[PDB]
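Protein sequences appear in the order of chains Y, B, W, H, X, L and C. Residue 25 in the working numbering sits at position 23 of the first sequence; the count goes up by one each step and never skips. Residue 15 in the working numbering sits at position 13 of the second sequence; the count goes up by one each step and never skips. Residue 153 in the working numbering sits at position 145 of the third sequence; the count goes up by one each step and never skips. Residue 53 in the working numbering sits at position 66 of the fourth sequence; the count goes up by one each step and never skips. Residue 204 in the working numbering sits at position 146 of the fifth sequence; the count goes up by one each step and never skips. Residue 138 in the working numbering sits at position 80 of the sixth sequence; the count goes up by one each step and never skips. Residue 94 in the working numbering sits at position 36 of the seventh sequence; the count goes up by one each step and never skips. Beta carbons are placed, not taken as given, at the ideal position from N, Cα and C, and that holds for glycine. Heads up: the structure comes next, in structure tokens.
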Amino acid sequence: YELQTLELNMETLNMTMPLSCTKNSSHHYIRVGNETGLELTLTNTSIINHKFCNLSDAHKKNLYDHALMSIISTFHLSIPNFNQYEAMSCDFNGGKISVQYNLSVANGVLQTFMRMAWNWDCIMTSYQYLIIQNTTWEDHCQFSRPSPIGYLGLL
Amino acid sequence: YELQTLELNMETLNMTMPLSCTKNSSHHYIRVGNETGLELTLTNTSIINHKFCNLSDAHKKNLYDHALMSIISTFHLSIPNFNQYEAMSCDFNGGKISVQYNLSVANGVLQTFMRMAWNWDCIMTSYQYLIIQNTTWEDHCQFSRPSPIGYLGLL
Amino acid sequence: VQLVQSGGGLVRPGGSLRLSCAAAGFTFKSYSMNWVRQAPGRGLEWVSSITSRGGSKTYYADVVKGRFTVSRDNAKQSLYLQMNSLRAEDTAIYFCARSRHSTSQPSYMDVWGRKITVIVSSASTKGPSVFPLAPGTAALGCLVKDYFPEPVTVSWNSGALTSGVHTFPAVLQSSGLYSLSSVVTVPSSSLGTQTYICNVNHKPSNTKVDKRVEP
Amino acid sequence: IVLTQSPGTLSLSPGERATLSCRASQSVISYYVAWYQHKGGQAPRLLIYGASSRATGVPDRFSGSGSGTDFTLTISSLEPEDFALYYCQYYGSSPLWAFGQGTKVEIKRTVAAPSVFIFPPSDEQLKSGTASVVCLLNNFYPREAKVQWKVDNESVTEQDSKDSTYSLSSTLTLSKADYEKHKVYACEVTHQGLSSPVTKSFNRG
Amino acid sequence: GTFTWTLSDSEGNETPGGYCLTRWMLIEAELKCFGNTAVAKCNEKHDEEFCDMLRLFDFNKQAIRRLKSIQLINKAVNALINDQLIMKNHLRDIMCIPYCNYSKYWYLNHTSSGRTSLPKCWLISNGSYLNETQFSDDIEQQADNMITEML
Amino acid sequence: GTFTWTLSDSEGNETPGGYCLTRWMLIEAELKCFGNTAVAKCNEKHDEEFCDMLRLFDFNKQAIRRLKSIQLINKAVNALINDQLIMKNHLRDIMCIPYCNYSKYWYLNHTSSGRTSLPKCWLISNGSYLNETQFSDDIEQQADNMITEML
Amino acid sequence: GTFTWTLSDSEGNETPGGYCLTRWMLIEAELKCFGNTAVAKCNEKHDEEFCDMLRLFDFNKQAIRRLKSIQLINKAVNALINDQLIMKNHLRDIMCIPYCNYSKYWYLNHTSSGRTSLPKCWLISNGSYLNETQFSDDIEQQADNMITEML
Ligand SMILES: *[C@@H]1O[C@H](CO)[C@@H](O[C@@H]2O[C@H](CO)[C@@H](O)[C@H](O)[C@H]2NC(C)=O)[C@H](O)[C@H]1NC(C)=O
Ligand SMILES: *[C@@H]1O[C@H](CO)[C@@H](O[C@@H]2O[C@H](CO)[C@@H](O)[C@H](O)[C@H]2NC(C)=O)[C@H](O)[C@H]1NC(C)=O
Ligand SMILES: *[C@@H]1O[C@H](CO)[C@@H](O[C@@H]2O[C@H](CO)[C@@H](O)[C@H](O)[C@H]2NC(C)=O)[C@H](O)[C@H]1NC(C)=O
Ligand SMILES: *[C@@H]1O[C@H](CO)[C@@H](O)[C@H](O)[C@H]1NC(C)=O
Ligand SMILES: *[C@@H]1O[C@H](CO)[C@@H](O)[C@H](O)[C@H]1NC(C)=O
Ligand SMILES: *[C@@H]1O[C@H](CO)[C@@H](O)[C@H](O)[C@H]1NC(C)=O
Ligand SMILES: *[C@@H]1O[C@H](CO)[C@@H](O)[C@H](O)[C@H]1NC(C)=O
Ligand SMILES: *[C@@H]1O[C@H](CO)[C@@H](O)[C@H](O)[C@H]1NC(C)=O
Ligand SMILES: *[C@@H]1O[C@H](CO)[C@@H](O)[C@H](O)[C@H]1NC(C)=O
Ligand SMILES: *[C@@H]1O[C@H](CO)[C@@H](O)[C@H](O)[C@H]1NC(C)=O
Ligand SMILES: *[C@@H]1O[C@H](CO)[C@@H](O)[C@H](O)[C@H]1NC(C)=O
Ligand SMILES: *[C@@H]1O[C@H](CO)[C@@H](O)[C@H](O)[C@H]1NC(C)=O
Ligand SMILES: *[C@@H]1O[C@H](CO)[C@@H](O)[C@H](O)[C@H]1NC(C)=O
Ligand SMILES: *[C@@H]1O[C@H](CO)[C@@H](O)[C@H](O)[C@H]1NC(C)=O
Ligand SMILES: *[C@@H]1O[C@H](CO)[C@@H](O)[C@H](O)[C@H]1NC(C)=O
Ligand SMILES: *[C@@H]1O[C@H](CO)[C@@H](O)[C@H](O)[C@H]1NC(C)=O
Ligand SMILES: *[C@@H]1O[C@H](CO)[C@@H](O)[C@H](O)[C@H]1NC(C)=O
């Protein structure tokens, strides 16, 4: 005869499953492990201008963090279709991680955004570049509490 | 209200589905049809020294038994994170069958064996080679009663 | 959740006894029950088992088969352990515990109970006798002999001196009566200064004997 | 099943790690193995249920491992209230509840010299019925001690928190008419700290 | 997805439905036929294993007769069984927990009526089988609904 | 496929079944435990959005202890959850309809008995939650069920 | 996976549940309204053909109304329907057994009450629709349910 509400904390499921949260439509957060963190930032500018990258040696050079490559691999695979030209590029020199996508096609990447940190048409955003970067702990989860369904559904 | 037990015989499900059984920790028997047979073994010795082997002519020759190659097809397809680089020691000259690999990456193939006939870390067996062979209708299936769900799990 | 119960005590050889384990605070029928004893000095021993809300499968220890019966009543939620033809090896402390036995849950007794003393004896309680043990640093003692298994309190100088006093727990005897010795150690200076009196108070028969041990 | 613990008694001080071993004979299913704690007055607790698991209200100083016929219970750090009896338990086989024999963990210290005393009977004990003589040792360590009685050449308390050092008594008993035979009686006690045996005797009168 | 196959019944059956295992698919046993009511619980629960074996037996029985390779099951592996039972048992095995090897089962029979329960498979652990006592409550919990089956 | 996992239960529970939820994965609350009767309904419904979270909690609880990467959940995701719920809520949100984000839940407590019912979840739309009145009938509908629980 | 879609309900319906077919949805017929009691059995079954068709009809209504290519169903097909029914019917057709084809259905109408039954689908076999007596017992089997519906 009495109504009650409970809100679940999704922070305990830390390492068993990656998590994700939202500050603003510019950048999305991914956390894996105890501390490992990735930013998915929308920006009109380009921070790297190298013209050649490839994925075979990225897993072949074998000195990387192998628990991290998986999320960007599933991001690369889950996009519906892809242009023959490799507009997207990557760079992992020095151990760092940098994956850039030249938005300026966008339909698939925008639905991937709608799912990773979660009418139907090809409306595009005014931003022109996606940057995929390493980050520190800092704080990206304050407006909305983090959840694991941003990654479970796209597996 | 009394208790009873019954034990199913998987021998009848003979030709509809492949069957598999175990002798010891390094031996596996695969049977399809009525007389054909495959041996899956772990052994420290190399046999085939031919470093060149392609899979296109394997299905292109068409002189092979087309109801058998599918099982080893699913076997090398189900293994995860396979590099497709080298060490593929396949051989089918004269119509025969032979597949072997180096174990010295092995985590995936050992998990494959554990699934195909039945903690979690990168277990390193001391054996160095995996042998695929044709065989005759012997009495391998004696240590444990053969079951078909080993193949169902992989599929 | 906890189990409350009572029972046990002194029973003459050849009698009959009943152990009751009452239950409160959980769904009784959905659990299995165990009766386990602990003899003085050794490890725990099985006594009996019973399964869940069928009363069907019953198991007893290999040693004590036959003289025991175990049953469970769901209406009053009580474990009843009926003991017949008592022997001389039943003196121990009993626990009544509960555990479930399925696929998902491993086996463990979690909600235990209260220990229950059980003792068998031929004679009744008979008041002990107090003996003196007067001798850099020396020691003096009070001994009590011809003593019943029930607990007693023995004290020096009405409890004024509570430092360096050792009371020895009763130990297995031959005749069938316990006994115990207490010793207190003091330096040479304190000798002959403070009056020391051995006091024994024993609840069965309420024997309160106070003997002033002096030369 | 024959199920035993090892070692019989452990002596260690807080700060380091310690291990206890449980061994059986028949093949052991790891999923039905429990580890139990038994202190003085309180009812026994459930330290671990499962081969390597955790209880609801247990500190993180405990861990378990093993397989086959070997079980290792490891405590990485100690506590002032972690010295009592331990047990390893298996469900099934014969009988259904296979409790272990026993284990005990104590504190380590250097050797100490016992204080010895001998108490002979008195003249009033003709009313006692049977003569008794008490050979008493106090404040000795370690547990290894042997007591014997000689003609013409048991009781123990618990380890105390304040001192952690043991006591021992021997109550030699002789029938009244049997005592008037001899006149000199000795009790001797030996322990590893004192290699040379020390024997003390008394003369009737 | 979800399994969709159905029981084909027999000719000499005493009831309209209900499978009856024959002599050739059992070890050291005769032919036994279960009641229709017990089989009626297969098409309404996803946490049972014996009905998967019955579905495979039926599929093979129709395959041998009504048709004269192995792509028949590659195309129909899902329609018969549930892969998540395989996955769940594999996860139980990899965590060193009792699991089910799909080989032998235990059921509960009635001396007079013959009404039987749906068998659940016997559990193993590292090449060693269990005893009856280790899952005693299971053996009795089903017994309870037997009384409830009288209602 | 179909979810197949089972609930582990806990030592020291009022009843054999029933999942008790601790205080390390809640917000502004201590540990909270549900009745076995409410737990009995997860293994029979597919549209419930709550029991998936209990299954994920139990999987993590049993993966932290009896182990020592992330591929485990890659292999177990289907056996744990139902991706069709994710797709259903995605298609419902893309059509601008209130949808459940699996963040907070409402249940019908009972003051004395404590027989809490299985919670559905609060919905959301464009970042704003709802109000108690907007799903009034829902709040009442489950109430009817509890009356039938008296039977 | 499992189907997860729901019912959109109507405005003038007597009962909150239930789905009313339109005249422009049938052939040589009028609009028909099914009771909520009958349609309450779609969410608790997996071997029916009518409820999948209703799910597709609901999805079509919502898609044409609340939006303005074909990838929508390319992504929602698993949610709306169950491919295992397609596999089952295809296997029954390849082995030459009478089978359903999602074209025409049959149900029972109680004239006075107005309560209906879930329409199980008709059967075809190699270009010839079945004749009524062939599945006679089924036509009366569901009839027995109406007796049990009196309770
Ligand atoms: C990463 O996950 C761990 C595991 O849950 C979190 O640590 C828990 O934190 C809660 C809240 O303080 C404690 O009650 C638990 O005891 C902790 N568990 C362990 C194993 O330490 C940790 O907080 C998570 N990381 C972050 C940054 O939140
Ligand atoms: C291959 O499968 C067939 C089909 O079950 C087996 O033949 C059956 O064997 C049993 C056992 O004696 C007989 O009762 C059946 O009548 C046989 N069915 C036939 C002949 O159609 C055969 O034994 C199996 N062979 C192997 C090597 O496994
Ligand atoms: C399992 O048993 C088989 C057969 O009993 C063993 O196969 C042996 O293989 C070696 C070559 O690797 C031969 O020289 C032997 O003649 C085979 N038979 C034997 C040893 O009986 C196989 O080695 C066994 N598995 C293991 C791990 O030892
Ligand atoms: C989002 O917030 C970050 C805060 O670091 C800011 O740098 C960025 O410009 C913001 N973007 C938008 C679109 O508000
Ligand atoms: C990939 O890119 C690296 C970087 O220059 C280059 O050395 C390599 O040849 C390319 N191809 C492969 C197959 O690695
Ligand atoms: C992210 O991690 C890589 C790993 O070595 C490191 O090289 C890079 O500097 C990190 N990025 C930061 C700290 O912003
Ligand atoms: C990104 O795309 C834009 C398209 O407007 C192009 O002008 C620009 O050169 C591209 N950046 C590259 C190729 O680095
Ligand atoms: C990027 O460019 C678009 C149009 O060129 C503009 O609308 C948008 O505000 C720009 N974003 C930023 C962060 O300046
Ligand atoms: C196995 O079968 C192949 C196919 O005919 C044949 O070439 C080979 O010789 C066979 N091996 C044995 C050992 O019989
Ligand atoms: C393993 O690698 C060695 C080279 O180190 C090669 O000689 C041998 O043929 C390989 N064996 C297999 C089975 O691939
Ligand atoms: C294979 O070689 C490894 C490494 O030398 C050894 O440990 C193992 O026992 C060998 N296996 C045999 C000889 O069967
Ligand atoms: C299984 O049983 C064997 C005894 O045959 C034992 O050596 C082994 O440790 C047990 N456990 C595993 C995981 O093999
Ligand atoms: C099962 O019971 C038998 C008694 O016949 C016993 O020998 C065995 O150890 C028990 N446990 C098993 C087989 O795991
Ligand atoms: C159950 O018992 C009856 C009578 O003993 C027997 O006819 C029947 O076959 C038994 N059930 C099975 C499955 O064998
Ligand atoms: C339901 O409410 C009662 C008091 O009204 C409280 O004791 C109980 O904990 C509540 N249930 C839950 C699951 O919190
Ligand atoms: C059932 O019959 C009644 C009256 O005979 C009619 O109004 C109703 O439309 C019928 N049902 C359907 C589904 O047409
Ligand atoms: C139905 O009846 C007609 C004539 O009465 C007959 O030709 C037809 O074959 C029957 N239906 C079937 C499916 O046989």
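Residue i at chain X interface by Cβ criterion, 7 Å
i	result
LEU143 of chain C	yes
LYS146 of chain C	yes
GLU9 of chain B	yes
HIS168 of chain C	no
CB contact check: residue i to chain L, cutoff 7 Å
i	result
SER38 of chain W	yes
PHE34 of chain W	yes
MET153 of chain X	yes
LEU157 of chain Y	yes
Beta bridge counterpart(s) of residue i as assigned by DSSP
i	result
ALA100 of chain W	W:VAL126
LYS178 of chain X	X:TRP164
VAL160 of chain W	W:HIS210
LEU40 of chain Y	Y:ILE32, Y:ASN136
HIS178 of chain H	H:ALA132, H:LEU181
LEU79 of chain C	C:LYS90
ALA5 of chain H	H:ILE62
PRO195 of chain W	W:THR145
Sub-7 Å separation of residue i and residue j beta-carbons
i	j	result
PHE92 of chain L	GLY76 of chain L	yes
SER91 of chain Y	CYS55 of chain Y	yes
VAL128 of chain W	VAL19 of chain W	yes
residue 18 of chain C	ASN132 of chain C	What is shown of chain C runs 59 to 209, which leaves residue 18 of chain C out entirely.
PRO177 of chain L	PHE115 of chain L	no
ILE182 of chain X	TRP122 of chain B	no
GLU37 of chain B	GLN135 of chain B	no
Beta carbon proximity, residue i to chain B, threshold 7 Å
i	result
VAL135 of chain X	yes
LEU112 of chain X	no
Residue-chain proximity (residue i, chain W), Cβ-Cβ < 7 Å
i	result
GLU207 of chain L	no
Rounded Cβ spacing between residue i and residue j (contact assumed at less than 8 Å)
i	j	result
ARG75 of chain W	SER38 of chain W	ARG75 of chain W to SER38 of chain W, Cβ: 30 Å. No contact.
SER190 of chain W	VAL162 of chain W	5 Å
- Message: If the cut-off is 8 Å on Cβ atoms, which residues from the stretch 44 to 71 of chain W count as contacting chain X, listed in chain order?
- Response: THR59, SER60, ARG61, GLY62, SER64, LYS65, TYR67
- Message: Counting only Cβ-Cβ distances shorter than 9 Å, please list the residues of the stretch 119 to 131 of chain L near chain B, keeping chain order.
- Response: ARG124, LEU125, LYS126, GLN129, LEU130
- Item | Positions along the stretch 116 to 132 of chain H whose CB lies within less than 8 Å of some CB in chain L | none
- Task: Would you list, in chain order, the members of the stretch 0 to 21 of chain H that have their beta-carbon closer than 8 Å to a beta-carbon of chain X?
- Result: From the stretch 0 to 21 of chain H, only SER14, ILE16, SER17, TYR18, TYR19 have a Cβ closer than 8 Å to chain X.
- Task: May I ask you to list, following chain order, the residues of the stretch 113 to 137 of chain Y that have a beta carbon less than 8 Å from some beta carbon of chain C?
- Result: Answer in chain order: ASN121, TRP122.
- Select from the stretch 98 to 115 of chain W all residues with a C-beta closer than 7 Å to any C-beta belonging to chain X, and list them in chain order. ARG108, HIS109, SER110, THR111
- Contact set between the stretch 170 to 196 of chain C and chain X, restricted to residues whose Cβ is under 9 Å from the partner: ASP195
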